[PDB]
């Protein structure tokens, strides 16, 4: 990741306003609605049979908060995403065998969720900064595949 100094402050300012419970449940539930094959990894969370089941699934919503909390740990360590996500890369690659393309899709959905909540504040410049961040998080999580 190479963020300008202006982009580092845009990223940190927006994140300070993020409700990780609300937006993290929203991001993970939108991944499972929009890209339904991702439900394969969460079948043990109960009913995922329809989009309405995904959107009301208490475990999917709780898990999404964990995922966004981990994204926020990335934001604190933009100079060392590989190390920050080492353990999680081992989990997703070595234990879960999630194809790393899916990490990019979840980053896509996170950017969409940020745009939905921040409106006019999520300008093209602020989006571009987040696009660099989510690309770097995806690449970092994929490191144990490399």
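Positions refer to the first chain, counted from 1.
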Looking at the deposited entry, does 55-63 or 107-115 carry the larger mean Cα B-factor?
-> 55-63
Could you settle it for me: does 126-134 or 7-15 have the higher average Cα B factor in the PDB entry?
-> 7-15
Check the PDB entry and point out which of 49, 69, 29, 38 has the largest C-alpha temperature factor.
-> 49
Consider only the C-alpha atoms of the modelled residues in this chain, order them by B-factor as the entry records it, and name the third containing residue 84: lowest, middle or highest.
-> highest
Relative to the other modelled residues in the chain, which third contains the C-alpha temperature factor of residue 33: lowest, middle or highest?
-> lowest
